[PDB]
Structure formats: structure tokens, C-alpha cells
file entry26.csv (CSV, C-alpha atoms)
chain,number,residue,atom,x,y,z
A,1,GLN,CA,155.7,106.1,65.1
A,2,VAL,CA,153.7,109.3,64.8
A,3,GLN,CA,151.3,110.0,61.9
A,4,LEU,CA,149.6,113.2,60.8
A,5,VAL,CA,147.2,113.1,57.9
A,6,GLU,CA,145.7,116.4,56.8
A,7,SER,CA,142.4,116.9,54.9
A,8,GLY,CA,139.8,119.4,53.7
A,9,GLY,CA,142.0,121.3,51.2
A,10,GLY,CA,140.2,122.6,48.1
A,11,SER,CA,140.0,125.2,45.3
A,12,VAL,CA,137.9,128.1,46.4
A,13,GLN,CA,137.2,131.7,45.4
A,14,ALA,CA,138.2,135.0,47.1
A,15,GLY,CA,136.1,135.3,50.3
A,16,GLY,CA,135.4,131.6,50.5
A,17,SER,CA,135.8,129.2,53.4
A,18,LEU,CA,137.6,125.9,54.1
A,19,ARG,CA,138.0,123.7,57.2
A,20,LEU,CA,141.2,121.8,57.4
A,21,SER,CA,141.4,118.7,59.6
A,22,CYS,CA,144.2,116.5,60.8
A,23,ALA,CA,144.0,113.0,62.2
A,24,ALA,CA,146.8,112.3,64.6
A,25,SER,CA,147.7,108.7,65.4
A,26,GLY,CA,150.5,106.3,66.5
A,27,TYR,CA,151.7,107.5,69.9
A,28,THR,CA,149.0,106.9,72.8
A,29,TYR,CA,150.5,109.8,74.8
A,30,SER,CA,149.3,113.4,75.0
A,31,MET,CA,150.7,115.9,72.4
A,32,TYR,CA,151.6,119.3,73.9
A,33,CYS,CA,151.6,121.4,70.7
A,34,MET,CA,149.6,121.1,67.5
A,35,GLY,CA,149.8,123.7,64.7
A,36,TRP,CA,149.2,124.6,61.1
A,37,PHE,CA,152.0,125.7,58.7
A,38,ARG,CA,151.9,126.6,55.0
A,39,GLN,CA,154.5,126.8,52.2
A,40,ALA,CA,154.1,127.9,48.5
A,41,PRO,CA,156.6,127.1,45.7
A,42,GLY,CA,159.5,129.5,46.1
A,43,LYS,CA,158.7,130.8,49.6
A,44,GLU,CA,159.9,129.3,52.9
A,45,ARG,CA,157.6,127.4,55.2
A,46,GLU,CA,155.5,129.6,57.5
A,47,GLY,CA,153.7,128.9,60.8
A,48,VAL,CA,150.0,130.1,60.7
A,49,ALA,CA,148.3,128.9,63.9
A,50,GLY,CA,149.1,127.0,67.1
A,51,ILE,CA,147.3,125.5,70.0
A,52,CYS,CA,149.2,124.3,73.1
A,53,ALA,CA,148.6,123.0,76.7
A,54,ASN,CA,144.9,121.8,76.4
A,55,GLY,CA,144.0,124.9,74.3
A,56,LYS,CA,145.4,127.5,76.9
A,57,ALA,CA,147.8,129.0,74.4
A,58,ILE,CA,146.6,130.0,70.9
A,59,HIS,CA,148.9,132.0,68.6
A,60,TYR,CA,148.3,133.2,65.0
A,61,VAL,CA,150.5,134.9,62.4
A,62,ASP,CA,149.4,138.5,61.8
A,63,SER,CA,148.2,137.9,58.2
A,64,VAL,CA,145.6,135.4,59.3
A,65,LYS,CA,144.4,137.0,62.5
A,66,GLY,CA,140.6,137.2,62.5
A,67,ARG,CA,140.2,135.0,59.4
A,68,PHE,CA,141.6,131.7,60.7
A,69,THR,CA,140.7,129.8,63.8
A,70,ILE,CA,142.6,126.8,65.2
A,71,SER,CA,140.7,124.4,67.4
A,72,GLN,CA,141.0,121.0,69.0
A,73,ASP,CA,138.9,118.0,70.0
A,74,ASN,CA,140.7,115.9,72.6
A,75,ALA,CA,138.0,113.2,72.3
A,76,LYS,CA,138.9,112.7,68.6
A,77,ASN,CA,142.6,113.8,68.8
A,78,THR,CA,141.9,116.0,65.8
A,79,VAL,CA,143.1,119.5,65.1
A,80,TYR,CA,141.1,121.8,62.9
A,81,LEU,CA,141.7,125.1,61.0
A,82,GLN,CA,138.6,127.1,60.1
A,83,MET,CA,139.8,129.2,57.2
A,84,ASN,CA,137.4,132.1,56.5
A,85,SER,CA,137.7,135.2,54.2
A,86,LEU,CA,140.3,133.4,52.0
A,87,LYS,CA,142.6,135.3,49.7
A,88,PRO,CA,144.9,134.4,46.8
A,89,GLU,CA,147.7,135.1,49.2
A,90,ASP,CA,146.6,132.0,51.2
A,91,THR,CA,147.2,129.7,48.3
A,92,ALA,CA,149.7,127.0,49.5
A,93,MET,CA,150.3,123.5,50.7
A,94,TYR,CA,149.0,123.4,54.3
A,95,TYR,CA,150.8,121.1,56.8
A,96,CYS,CA,149.8,120.0,60.2
A,97,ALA,CA,152.6,119.8,62.8
A,98,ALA,CA,152.9,118.4,66.3
A,99,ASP,CA,155.3,118.4,69.3
A,100,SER,CA,155.6,116.7,72.7
A,101,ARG,CA,158.0,119.3,74.2
A,102,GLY,CA,156.5,121.8,76.6
A,103,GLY,CA,156.6,125.6,77.0
A,104,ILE,CA,155.5,128.7,75.2
A,105,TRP,CA,158.7,129.7,73.3
A,106,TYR,CA,158.4,133.5,73.0
A,107,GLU,CA,158.5,134.5,69.3
A,108,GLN,CA,159.6,131.0,68.3
A,109,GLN,CA,156.2,129.5,69.1
A,110,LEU,CA,155.1,129.4,65.4
A,111,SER,CA,158.5,128.6,63.9
A,112,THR,CA,159.2,125.2,62.3
A,113,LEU,CA,161.8,124.6,65.1
A,114,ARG,CA,158.9,124.4,67.6
A,115,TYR,CA,157.6,121.2,66.0
A,116,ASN,CA,159.3,117.8,65.3
A,117,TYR,CA,156.4,115.8,63.7
A,118,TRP,CA,154.8,116.7,60.3
A,119,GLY,CA,152.2,115.5,57.8
A,120,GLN,CA,152.5,115.4,54.0
A,121,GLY,CA,150.1,118.3,53.7
A,122,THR,CA,146.9,119.3,51.8
A,123,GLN,CA,146.8,121.8,48.9
A,124,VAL,CA,144.8,125.0,49.2
A,125,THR,CA,143.9,127.2,46.2
A,126,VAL,CA,142.3,130.6,46.2
A,127,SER,CA,141.3,132.2,42.9
A,128,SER,CA,140.6,135.9,42.4
B,1,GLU,CA,178.9,125.3,106.9
B,2,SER,CA,175.1,125.9,106.8
B,3,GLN,CA,173.5,128.3,104.3
B,4,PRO,CA,171.2,130.7,106.3
B,5,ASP,CA,167.4,130.4,105.8
B,6,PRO,CA,165.4,133.0,103.7
B,7,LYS,CA,165.4,136.5,105.1
B,8,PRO,CA,162.1,138.5,105.1
B,9,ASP,CA,161.1,139.3,101.5
B,10,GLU,CA,164.0,137.4,100.1
B,11,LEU,CA,161.7,134.8,98.5
B,12,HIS,CA,160.3,135.3,95.0
B,13,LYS,CA,156.5,136.1,95.2
B,14,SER,CA,154.4,134.4,92.5
B,15,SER,CA,152.0,137.3,92.5
B,16,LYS,CA,154.8,139.5,91.3
B,17,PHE,CA,155.4,137.2,88.4
B,18,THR,CA,153.1,138.4,85.6
B,19,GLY,CA,154.3,135.9,82.9
B,20,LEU,CA,153.2,132.4,82.1
B,21,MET,CA,154.1,130.0,84.9
B,22,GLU,CA,153.6,127.2,82.3
B,23,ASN,CA,157.3,127.7,81.4
B,24,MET,CA,158.3,126.8,84.9
B,25,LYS,CA,155.8,124.0,85.2
B,26,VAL,CA,157.0,122.1,82.1
B,27,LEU,CA,160.5,121.8,83.6
B,28,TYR,CA,159.1,119.5,86.3
B,29,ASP,CA,156.1,117.9,84.5
B,30,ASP,CA,157.4,114.7,83.1
B,31,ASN,CA,160.4,116.6,81.6
B,32,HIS,CA,163.7,114.9,82.5
B,33,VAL,CA,166.8,113.3,81.2
B,34,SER,CA,167.9,110.0,82.8
B,35,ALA,CA,170.7,107.6,81.8
B,36,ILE,CA,172.8,104.8,83.5
B,37,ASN,CA,176.5,104.2,83.1
B,38,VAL,CA,177.4,106.5,80.1
B,39,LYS,CA,180.5,108.3,79.0
B,40,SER,CA,180.8,111.6,77.1
B,41,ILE,CA,181.3,111.3,73.3
B,42,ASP,CA,182.1,115.0,72.6
B,43,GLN,CA,182.2,118.5,73.9
B,44,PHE,CA,181.0,121.9,72.5
B,45,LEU,CA,182.3,124.6,74.8
B,46,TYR,CA,184.9,124.1,77.6
B,47,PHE,CA,182.4,123.9,80.4
B,48,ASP,CA,180.1,121.2,78.9
B,49,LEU,CA,180.0,117.5,78.0
B,50,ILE,CA,177.9,115.8,75.3
B,51,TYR,CA,176.3,112.3,75.9
B,52,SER,CA,174.6,110.0,73.5
B,53,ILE,CA,171.3,109.5,75.3
B,54,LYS,CA,168.2,108.5,73.4
B,55,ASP,CA,164.7,109.7,74.3
B,56,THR,CA,163.0,106.3,73.9
B,57,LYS,CA,159.6,107.6,75.0
B,58,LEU,CA,159.2,110.7,72.8
B,59,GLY,CA,162.2,110.9,70.6
B,60,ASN,CA,162.9,114.6,71.4
B,61,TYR,CA,166.7,114.1,71.7
B,62,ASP,CA,169.6,111.9,70.7
B,63,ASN,CA,172.3,114.0,72.3
B,64,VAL,CA,172.4,115.9,75.6
B,65,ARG,CA,174.6,118.9,76.4
B,66,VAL,CA,175.4,118.8,80.1
B,67,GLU,CA,176.6,122.3,81.2
B,68,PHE,CA,178.8,122.8,84.3
B,69,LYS,CA,179.7,125.8,86.4
B,70,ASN,CA,183.4,125.6,85.4
B,71,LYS,CA,186.1,123.8,83.3
B,72,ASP,CA,187.3,121.7,86.2
B,73,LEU,CA,183.9,120.0,86.6
B,74,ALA,CA,183.8,119.1,82.9
B,75,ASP,CA,187.5,117.9,82.9
B,76,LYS,CA,186.6,115.8,86.0
B,77,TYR,CA,183.7,113.9,84.3
B,78,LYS,CA,185.0,113.9,80.7
B,79,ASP,CA,186.2,110.3,80.6
B,80,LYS,CA,184.2,108.9,83.5
B,81,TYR,CA,181.3,106.5,83.3
B,82,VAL,CA,178.4,108.4,84.9
B,83,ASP,CA,174.7,108.5,85.6
B,84,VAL,CA,172.8,111.5,84.4
B,85,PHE,CA,169.6,112.8,85.9
B,86,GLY,CA,168.2,116.3,85.5
B,87,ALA,CA,165.6,118.8,84.1
B,88,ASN,CA,166.4,119.7,80.5
B,89,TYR,CA,165.4,122.5,78.1
B,90,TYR,CA,165.1,123.0,74.3
B,91,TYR,CA,164.1,126.7,74.0
B,92,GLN,CA,167.5,128.5,73.6
B,93,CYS,CA,169.5,125.3,73.9
B,94,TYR,CA,172.8,126.4,72.5
B,95,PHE,CA,174.4,123.5,70.7
B,96,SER,CA,175.9,123.9,67.2
B,97,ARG,CA,167.9,115.6,68.1
B,98,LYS,CA,169.4,117.9,70.8
B,99,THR,CA,168.7,119.2,74.4
B,100,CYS,CA,170.4,121.0,77.2
B,101,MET,CA,170.7,120.5,80.9
B,102,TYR,CA,173.0,121.5,83.8
B,103,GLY,CA,174.9,119.2,86.2
B,104,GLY,CA,173.0,116.0,87.2
B,105,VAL,CA,176.1,113.9,86.9
B,106,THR,CA,177.5,111.3,89.3
B,107,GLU,CA,180.1,108.6,89.0
B,108,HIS,CA,178.5,105.3,88.3
B,109,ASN,CA,181.2,103.1,90.0
B,110,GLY,CA,181.0,102.8,93.8
B,111,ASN,CA,177.7,104.8,94.0
B,112,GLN,CA,175.0,102.2,93.4
B,113,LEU,CA,172.8,100.8,96.1
B,114,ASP,CA,171.8,97.1,96.3
B,115,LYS,CA,168.2,98.4,96.7
B,116,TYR,CA,166.4,101.7,96.3
B,117,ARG,CA,166.7,104.2,99.2
B,118,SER,CA,163.7,106.3,100.4
B,119,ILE,CA,163.9,110.0,101.5
B,120,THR,CA,160.8,111.5,103.1
B,121,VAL,CA,159.7,115.0,102.0
B,122,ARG,CA,158.0,117.0,104.7
B,123,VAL,CA,155.7,119.6,103.0
B,124,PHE,CA,154.6,122.7,105.0
B,125,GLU,CA,151.8,125.1,104.0
B,126,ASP,CA,151.9,128.3,106.0
B,127,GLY,CA,154.0,126.4,108.6
B,128,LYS,CA,151.7,123.4,108.9
B,129,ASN,CA,152.8,119.9,107.8
B,130,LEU,CA,149.8,118.8,105.7
B,131,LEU,CA,151.6,116.4,103.3
B,132,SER,CA,154.5,114.0,103.5
B,133,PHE,CA,155.8,111.7,100.7
B,134,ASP,CA,159.0,109.8,99.8
B,135,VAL,CA,161.3,110.2,96.9
B,136,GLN,CA,163.6,107.3,96.0
B,137,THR,CA,167.1,107.1,94.4
B,138,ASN,CA,169.6,104.3,93.8
B,139,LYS,CA,172.6,106.4,94.5
B,140,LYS,CA,174.8,106.9,97.6
B,141,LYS,CA,175.7,110.4,96.4
B,142,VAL,CA,172.8,112.0,94.5
B,143,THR,CA,172.5,115.4,93.0
B,144,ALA,CA,170.2,117.9,94.8
B,145,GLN,CA,168.8,118.4,91.3
B,146,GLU,CA,167.6,114.8,91.1
B,147,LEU,CA,165.9,115.1,94.5
B,148,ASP,CA,164.5,118.5,93.6
B,149,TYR,CA,163.0,117.3,90.4
B,150,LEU,CA,161.4,114.2,92.1
B,151,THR,CA,159.9,116.4,94.8
B,152,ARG,CA,158.4,119.1,92.5
B,153,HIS,CA,157.3,116.5,89.9
B,154,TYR,CA,155.2,115.0,92.7
B,155,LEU,CA,153.9,118.4,93.8
B,156,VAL,CA,153.0,119.5,90.3
B,157,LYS,CA,150.6,116.5,90.0
B,158,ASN,CA,149.0,116.5,93.4
B,159,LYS,CA,149.1,120.0,94.7
B,160,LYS,CA,149.3,121.9,91.4
B,161,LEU,CA,152.5,123.6,92.5
B,162,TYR,CA,152.6,125.2,89.1
B,163,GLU,CA,149.8,126.0,86.6
B,164,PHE,CA,149.6,127.6,83.2
B,165,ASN,CA,149.3,131.2,84.4
B,166,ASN,CA,150.2,131.2,88.2
B,167,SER,CA,150.7,129.1,91.4
B,168,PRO,CA,148.2,128.6,94.3
B,169,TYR,CA,151.3,129.4,96.4
B,170,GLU,CA,152.8,132.8,96.9
B,171,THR,CA,156.3,131.6,98.0
B,172,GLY,CA,158.1,128.3,98.0
B,173,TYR,CA,161.5,127.0,98.9
B,174,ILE,CA,162.9,123.4,99.0
B,175,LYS,CA,165.4,122.8,101.8
B,176,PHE,CA,168.0,120.0,102.1
B,177,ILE,CA,169.3,119.1,105.5
B,178,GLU,CA,172.4,117.0,106.1
B,179,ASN,CA,173.1,116.7,109.9
B,180,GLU,CA,173.6,120.3,110.9
B,181,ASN,CA,174.4,121.8,107.4
B,182,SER,CA,171.6,122.8,105.0
B,183,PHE,CA,170.8,124.8,101.8
B,184,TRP,CA,167.7,125.8,99.9
B,185,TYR,CA,166.4,126.8,96.5
B,186,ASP,CA,163.7,129.3,95.6
B,187,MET,CA,161.0,127.4,93.7
B,188,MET,CA,159.3,130.6,92.3
B,189,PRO,CA,160.4,132.7,89.3
B,190,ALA,CA,162.0,136.1,89.6
B,191,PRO,CA,159.6,139.0,89.3
B,192,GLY,CA,158.5,140.3,85.9
B,193,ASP,CA,156.8,138.9,82.8
B,194,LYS,CA,159.9,137.2,81.4
B,195,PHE,CA,160.8,133.7,82.6
B,196,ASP,CA,164.1,132.4,81.4
B,197,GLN,CA,164.2,128.6,81.7
B,198,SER,CA,167.9,128.3,80.9
B,199,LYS,CA,168.8,131.0,83.5
B,200,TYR,CA,166.7,129.4,86.2
B,201,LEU,CA,168.1,125.8,85.8
B,202,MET,CA,171.6,127.2,85.8
B,203,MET,CA,171.4,126.9,89.6
B,204,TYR,CA,172.0,123.2,89.1
B,205,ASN,CA,175.3,123.8,87.2
B,206,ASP,CA,177.4,123.4,90.4
B,207,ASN,CA,176.5,119.7,90.4
B,208,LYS,CA,175.8,119.9,94.1
B,209,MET,CA,175.5,116.4,95.8
B,210,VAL,CA,174.2,115.0,99.1
B,211,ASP,CA,174.3,111.7,100.9
B,212,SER,CA,171.0,109.9,100.3
B,213,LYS,CA,171.2,108.3,103.7
B,214,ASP,CA,171.5,111.5,105.7
B,215,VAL,CA,169.6,114.0,103.7
B,216,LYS,CA,166.2,115.3,104.8
B,217,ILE,CA,163.9,117.4,102.6
B,218,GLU,CA,161.5,120.1,103.7
B,219,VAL,CA,159.3,122.1,101.4
B,220,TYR,CA,157.8,125.4,102.8
B,221,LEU,CA,155.0,126.9,100.9
B,222,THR,CA,152.7,129.9,101.7
B,223,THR,CA,149.2,130.5,100.4
B,224,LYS,CA,147.4,133.6,99.1

call {"tool": "encode", "arguments": {"input": "entry26.csv", "output": "C-alpha cells"}}
result
Amino acid sequence: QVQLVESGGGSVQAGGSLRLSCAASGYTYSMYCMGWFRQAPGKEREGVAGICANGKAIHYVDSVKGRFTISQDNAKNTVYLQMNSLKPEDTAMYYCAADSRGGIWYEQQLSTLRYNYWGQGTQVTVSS
Amino acid sequence: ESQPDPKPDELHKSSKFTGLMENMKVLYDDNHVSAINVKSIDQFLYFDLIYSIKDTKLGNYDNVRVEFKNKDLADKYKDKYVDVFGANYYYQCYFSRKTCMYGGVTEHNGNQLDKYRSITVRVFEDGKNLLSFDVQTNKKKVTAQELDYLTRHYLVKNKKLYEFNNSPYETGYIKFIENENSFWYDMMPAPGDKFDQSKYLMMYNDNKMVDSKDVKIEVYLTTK
């Protein structure tokens, strides 16, 4: 059984930085996709960043382009999210997702459909 | 009778495909449905059948929608115990846990072999035979799809038939010979920056079969 355990969430201030980490375990095979999603109370779950095919395909949602960086260490089987220039808008529960199905699904590549495995998330807070 | 061989400039050129070849690659890189002696449990549209087949390895599907060229093919296999083997897709799999494929269905009964049968692939690069290798099946009648998958799956590993962005090879077709008669498939995507997985795999929806004893396979690639 697959397990995703996020960490590194915190309570920062406008213009601060956080680095999310997720420890993936329980499969022994290679994951094709790994990504970061976020959801606030009220709003639907949104895909933020993705990294697929040994890091060959990185996608970001427009509102985090240039501020967030997804990255991967295959040695550790960890995925990271460097979150710079944080804003109140970024306040949410952040979830790591994974998937073993291949391909770059045009425009569906950061949808929840793209991923079958999910962690329980880590809270992020950004205060004005 | 025999299908004629590719005319000049009939074959898709990989240099004229400007999209991500990854989406072709992942169809033959460890991506396949396989099941023994199963019967359909349901049906969505008139030209498909649904099987309860569990992805034991990765758990990406519990049900498989097998899509045929016509109603007759579906009607034929509806209540039959069959074996399923083919390349599946998820992106734009229309099925209102799930995955789609085309054809890849053969009657189980009277089609099994006591032991596995070997078919030698002869691989040509710019006319020269540099590589040969066997594929194996346990079926007297086996789908061209099954053989095609097995061949390309091999070639994706060793010779990098397909890569994330583009192929080392400009053109490629896989040819099936039975006695005199033959047919072939273009292994390269249509030109443009849009590759439709579902559209490409639809070539398998005729459920074309060959005798595993008589069939020879030839792969003709050209370089850049």
C-alpha cells in the first residue's frame, strides 16, 4: 500500500518562505507523476505543481509561477515544494499526490483526476 | 490478399512531429492489460464490452472498457470466455478504477498451446538487419496488437524506439507476414504537435488476428 506523508507546513508572513517535503513509501516501483495540490475551506481542491518522467515535465498553476518550485530527489524518493514570496492567498491545506500512469495529459496534467494516491496534507498559513 | 507496402512519403516522419513523443512511448513502456479466461460483465456503448480485470501491480484499474470497430464484434464476444491483451489508455477514456483499450480479445477455448510459442522479430535499420529477437505467446490465434505491443515494448527498452521528446528513428513500420499475405502499421505519430493516444490505438479496434505458427515479424526503421 502506498503512503504519502507531507511536512514543512507553517505559519509565515507575507513575503516569507516555506519548503514542503513528502516522504513516499510502500510500493518499491517507480512513480511516474508526483505533484502538490492545495485546498482551503469552501474552495475546491487545486493543483499547484507537478513533476513527471524523471523531472522532464514540470507544470505550474499560473498564480504560483515564479514563486514556487517543485523538485525531486530520486535517491530519497522525496518530492519538495520551495514556496517563496508567500501571500495570504496561498493559505491552505497542502497535499502531495502521486500516480503510476504515464503521459502528459494536456490541460488535465494538474487536475485531481491525474493522481490516484494522496497524503493527509500539511497546513500552510500566511498572515498579512 | 496482401496489403501493399508503404509508398514513398507515406510513412509518418518523426521530425515532423513537434509534440512530446512521451505520450506514444508510455503506450508501450510497461503499459498493458492482460487477463485469462474472462467474460464481460457489462457494456457501455453498443460497440464495447466491459471486463472485471484487476491491476494487481499498480491498482490503476478494476474495470476495462474494450472497444471494437463495430457492433457485430461486440455481440460476438459478449458472452464468450476470452483472453485480453492490449495497450490501454486513461486520458480521455470515455466510460460513465477504469481504463480503455481497443480489441485484444480472443476466445480462450481451443486457442491455448501446451507450451509457449516463439516468433522471431527481424529488425532492420536503413535496410540492414542489426537486431533479431523473439516474442512469445500461448495462443494459436493471437492479435496483431499483442505481438505489436511485445515488439515495441522490447524496442523501447533496448533501442529507445521512443523518448520523451522524439525518436532516434525518422520512420518505422511493423510488418506481419503470413505465407504470401501481409500487412503493416506505422509506428510513428501523425505530423503536428498534438498526439491523440485514443485515436492512434483505434487501429487495433478491428481485433485483427494471425496464426502464431505461420506469422513472421519485420520491423523497418530509418535513422536521421

call {"tool": "closest_atom_pairs", "arguments": {"input": "entry26.csv", "of": "chain B", "to": "chain A", "cutoff": "9 Å", "atoms": "all atoms listed in the file", "output": "JSON lines"}}
result
{"residue": "B:20", "atom": "CA", "partner": "A:104", "partner_atom": "CA", "distance": 8.2}
{"residue": "B:22", "atom": "CA", "partner": "A:103", "partner_atom": "CA", "distance": 6.3}
{"residue": "B:23", "atom": "CA", "partner": "A:103", "partner_atom": "CA", "distance": 4.9}
{"residue": "B:24", "atom": "CA", "partner": "A:103", "partner_atom": "CA", "distance": 8.2}
{"residue": "B:25", "atom": "CA", "partner": "A:103", "partner_atom": "CA", "distance": 8.4}
{"residue": "B:26", "atom": "CA", "partner": "A:102", "partner_atom": "CA", "distance": 5.5}
{"residue": "B:27", "atom": "CA", "partner": "A:102", "partner_atom": "CA", "distance": 8.1}
{"residue": "B:29", "atom": "CA", "partner": "A:102", "partner_atom": "CA", "distance": 8.8}
{"residue": "B:31", "atom": "CA", "partner": "A:102", "partner_atom": "CA", "distance": 8.2}
{"residue": "B:58", "atom": "CA", "partner": "A:100", "partner_atom": "CA", "distance": 7.0}
{"residue": "B:60", "atom": "CA", "partner": "A:101", "partner_atom": "CA", "distance": 7.3}
{"residue": "B:89", "atom": "CA", "partner": "A:101", "partner_atom": "CA", "distance": 9.0}
{"residue": "B:90", "atom": "CA", "partner": "A:101", "partner_atom": "CA", "distance": 8.0}
{"residue": "B:91", "atom": "CA", "partner": "A:105", "partner_atom": "CA", "distance": 6.2}
{"residue": "B:92", "atom": "CA", "partner": "A:105", "partner_atom": "CA", "distance": 8.9}
{"residue": "B:164", "atom": "CA", "partner": "A:56", "partner_atom": "CA", "distance": 7.6}

call {"tool": "atom_distance", "arguments": {"input": "entry26.csv", "atom1": "atom CA of residue 169 of chain B", "atom2": "atom CA of residue 221 of chain B"}}
result
6.3 Å

call {"tool": "residues_around", "arguments": {"input": "entry26.csv", "residues": "residue 140 of chain B", "least_positions_apart": "3", "cutoff": "10 Å", "atoms": "all atoms listed in the file", "output": "PyMOL selection string"}}
result
chain B and resi 106+110-113+116-117+137+143+209-214

call {"tool": "write_last_selection", "arguments": {"input": "entry26.csv", "atoms": "C-alpha atoms", "output": "PDB file, in the coordinates of the input"}}
result
ATOM      1  CA  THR B 106     177.500 111.300  89.300  1.00  0.00           C
ATOM      2  CA  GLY B 110     181.000 102.800  93.800  1.00  0.00           C
ATOM      3  CA  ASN B 111     177.700 104.800  94.000  1.00  0.00           C
ATOM      4  CA  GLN B 112     175.000 102.200  93.400  1.00  0.00           C
ATOM      5  CA  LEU B 113     172.800 100.800  96.100  1.00  0.00           C
ATOM      6  CA  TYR B 116     166.400 101.700  96.300  1.00  0.00           C
ATOM      7  CA  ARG B 117     166.700 104.200  99.200  1.00  0.00           C
ATOM      8  CA  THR B 137     167.100 107.100  94.400  1.00  0.00           C
ATOM      9  CA  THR B 143     172.500 115.400  93.000  1.00  0.00           C
ATOM     10  CA  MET B 209     175.500 116.400  95.800  1.00  0.00           C
ATOM     11  CA  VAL B 210     174.200 115.000  99.100  1.00  0.00           C
ATOM     12  CA  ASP B 211     174.300 111.700 100.900  1.00  0.00           C
ATOM     13  CA  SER B 212     171.000 109.900 100.300  1.00  0.00           C
ATOM     14  CA  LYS B 213     171.200 108.300 103.700  1.00  0.00           C
ATOM     15  CA  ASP B 214     171.500 111.500 105.700  1.00  0.00           C
TER      16      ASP B 214
END

call {"tool": "atom_distance", "arguments": {"input": "entry26.csv", "atom1": "atom CA of residue 28 of chain A", "atom2": "atom CA of residue 51 of chain B"}}
result
28.0 Å

call {"tool": "atom_distance", "arguments": {"input": "entry26.csv", "atom1": "atom CA of residue 15 of chain A", "atom2": "atom CA of residue 40 of chain A"}}
result
19.5 Å

call {"tool": "residues_near_point", "arguments": {"input": "entry26.csv", "point": "(165.4, 116.2, 90.6)", "cutoff": "12 Å", "atoms": "only C-alpha atoms", "output": "ChimeraX atom specification"}}
result
/B:27-34,84-88,101-105,135-137,142-154,174,201,204,207-209

call {"tool": "residues_near_point", "arguments": {"input": "entry26.csv", "point": "(162.6, 117.8, 108.0)", "cutoff": "9 Å", "atoms": "only C-alpha atoms", "output": "JSON, numbers by chain"}}
result
{"B": [120, 121, 122, 123, 175, 176, 177, 216, 217, 218, 219]}

call {"tool": "residues_around", "arguments": {"input": "entry26.csv", "residues": "residue 63 of chain A", "least_positions_apart": "4", "cutoff": "12 Å", "atoms": "all atoms listed in the file", "output": "ChimeraX atom specification"}}
result
/A:46-49,59,67-68,85-87,89-90

call {"tool": "closest_residue", "arguments": {"input": "entry26.csv", "among": "B:97, B:12, B:182, B:198", "to": "residue 115 of chain A", "atoms": "all atoms listed in the file"}}
result
B:97

call {"tool": "closest_residue", "arguments": {"input": "entry26.csv", "among": "A:111, A:7, A:82, A:17", "to": "residue 61 of chain A", "atoms": "all atoms listed in the file"}}
result
A:111

call {"tool": "build_atoms", "arguments": {"input": "entry26.csv", "residues": "segment 143-155 of chain B", "atoms": "N, CA, C and O atoms", "output": "PDB file, keeping the file's coordinate frame"}}
result
ATOM      1  N   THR B 143     172.484 114.004  93.247  1.00  0.00           N
ATOM      2  CA  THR B 143     172.500 115.400  93.000  1.00  0.00           C
ATOM      3  C   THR B 143     171.206 115.994  93.708  1.00  0.00           C
ATOM      4  O   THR B 143     170.153 115.362  93.677  1.00  0.00           O
ATOM      5  N   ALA B 144     171.352 117.174  94.320  1.00  0.00           N
ATOM      6  CA  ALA B 144     170.200 117.900  94.800  1.00  0.00           C
ATOM      7  C   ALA B 144     169.186 118.114  93.672  1.00  0.00           C
ATOM      8  O   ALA B 144     167.982 118.062  93.922  1.00  0.00           O
ATOM      9  N   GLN B 145     169.675 118.314  92.442  1.00  0.00           N
ATOM     10  CA  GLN B 145     168.800 118.400  91.300  1.00  0.00           C
ATOM     11  C   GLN B 145     167.853 117.252  91.187  1.00  0.00           C
ATOM     12  O   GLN B 145     166.647 117.442  91.082  1.00  0.00           O
ATOM     13  N   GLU B 146     168.404 116.037  91.216  1.00  0.00           N
ATOM     14  CA  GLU B 146     167.600 114.800  91.100  1.00  0.00           C
ATOM     15  C   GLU B 146     166.490 114.808  92.119  1.00  0.00           C
ATOM     16  O   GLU B 146     165.328 114.584  91.791  1.00  0.00           O
ATOM     17  N   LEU B 147     166.855 115.074  93.376  1.00  0.00           N
ATOM     18  CA  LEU B 147     165.900 115.100  94.500  1.00  0.00           C
ATOM     19  C   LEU B 147     164.862 116.217  94.251  1.00  0.00           C
ATOM     20  O   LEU B 147     163.664 116.002  94.432  1.00  0.00           O
ATOM     21  N   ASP B 148     165.349 117.396  93.853  1.00  0.00           N
ATOM     22  CA  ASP B 148     164.500 118.500  93.600  1.00  0.00           C
ATOM     23  C   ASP B 148     163.442 118.216  92.555  1.00  0.00           C
ATOM     24  O   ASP B 148     162.254 118.462  92.756  1.00  0.00           O
ATOM     25  N   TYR B 149     163.894 117.651  91.429  1.00  0.00           N
ATOM     26  CA  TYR B 149     163.000 117.300  90.400  1.00  0.00           C
ATOM     27  C   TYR B 149     161.910 116.335  90.879  1.00  0.00           C
ATOM     28  O   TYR B 149     160.726 116.568  90.661  1.00  0.00           O
ATOM     29  N   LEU B 150     162.337 115.261  91.549  1.00  0.00           N
ATOM     30  CA  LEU B 150     161.400 114.200  92.100  1.00  0.00           C
ATOM     31  C   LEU B 150     160.369 114.842  92.989  1.00  0.00           C
ATOM     32  O   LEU B 150     159.203 114.449  92.936  1.00  0.00           O
ATOM     33  N   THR B 151     160.785 115.801  93.824  1.00  0.00           N
ATOM     34  CA  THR B 151     159.900 116.400  94.800  1.00  0.00           C
ATOM     35  C   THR B 151     158.844 117.307  94.036  1.00  0.00           C
ATOM     36  O   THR B 151     157.644 117.172  94.264  1.00  0.00           O
ATOM     37  N   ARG B 152     159.317 118.190  93.154  1.00  0.00           N
ATOM     38  CA  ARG B 152     158.400 119.100  92.500  1.00  0.00           C
ATOM     39  C   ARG B 152     157.521 118.390  91.493  1.00  0.00           C
ATOM     40  O   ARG B 152     156.365 118.770  91.317  1.00  0.00           O
ATOM     41  N   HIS B 153     158.066 117.351  90.850  1.00  0.00           N
ATOM     42  CA  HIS B 153     157.300 116.500  89.900  1.00  0.00           C
ATOM     43  C   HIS B 153     156.078 115.960  90.640  1.00  0.00           C
ATOM     44  O   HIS B 153     154.981 115.976  90.090  1.00  0.00           O
ATOM     45  N   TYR B 154     156.283 115.471  91.866  1.00  0.00           N
ATOM     46  CA  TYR B 154     155.200 115.000  92.700  1.00  0.00           C
ATOM     47  C   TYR B 154     154.172 116.092  92.927  1.00  0.00           C
ATOM     48  O   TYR B 154     152.969 115.893  92.758  1.00  0.00           O
ATOM     49  N   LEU B 155     154.690 117.256  93.333  1.00  0.00           N
ATOM     50  CA  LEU B 155     153.900 118.400  93.800  1.00  0.00           C
ATOM     51  C   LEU B 155     153.146 119.101  92.662  1.00  0.00           C
ATOM     52  O   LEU B 155     152.148 119.766  92.918  1.00  0.00           O
TER      53      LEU B 155
END
